[PDB]
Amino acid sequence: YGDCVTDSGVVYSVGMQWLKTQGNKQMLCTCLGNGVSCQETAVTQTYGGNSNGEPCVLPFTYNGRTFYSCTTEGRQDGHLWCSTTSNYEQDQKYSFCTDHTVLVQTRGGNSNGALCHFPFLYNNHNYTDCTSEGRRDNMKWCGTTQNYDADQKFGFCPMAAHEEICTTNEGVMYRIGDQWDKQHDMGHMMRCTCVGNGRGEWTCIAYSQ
């Protein structure tokens, strides 16, 4: 009885959830505190729209905000929808959603990539979406348990592909396609490119001496 420990050695608190991939299927794993339980995840059905059924692209940005699942935002009739690109302004295609399943995989923080738990409780308030509250930074984060005040387990919410970020070792933030360069006498030179791939990924080229 206690927190879960994956085969890989990763550690999840009781009541946390994460995503595991078994074969061609995506599983939703929960820590029972008695063990674990994984269940196939549902794929949100898309229909109609100007995409004509094109699958969601999550997260995506609309109206200068980031959405981690379908929304009724901007709809008068309360339909659920999702853009079919990470950037709904540049491009402008969307489609309708049948269900409102919400799975937000975090990165960084102290929750080993658990899902956002909604709602989570911070400063005695229940949040049904990621937030920047308490952050001078303005990065979006979610509680990975139902109560942050008590548990204090958090993660960083995703960013639309086009808005992804790579952070330098010293901490500076770069966007996709940006290049980071370090020069050490030319004897050693290294250039890195911010690819992101959801994981703030760098791909680098270096020479030796």
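Residue indices: 1-based, along the sequence shown.
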Inset, instruction - Please work out which of 165 to 173 and 47 to 55 has the higher mean CA B-factor as recorded in the PDB entry. - result: 165 to 173
Inset, instruction - Between 65 to 73 and 179 to 187, name whichever shows the higher mean Cα B factor according to the PDB entry. - result: 179 to 187
Inset, instruction - Pick out which of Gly78, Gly134, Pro119, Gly113 has the highest C-alpha B-factor in the PDB entry. - result: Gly134
Legend entry - Cα B factor band for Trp202 (lowest, middle or highest third within the chain): lowest
Legend entry - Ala42 - Cα temperature factor, lowest/middle/highest third of chain: highest
Legend entry - Among modelled residues of the same chain, the CA temperature factor third for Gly15: lowest
Legend entry - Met139 by Cα B-factor - lowest, middle or highest third of the modelled chain: highest
Inset, instruction - Rank-wise, by C-alpha B-factor, drop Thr101 into the lowest, middle or highest third of its chain. - result: highest
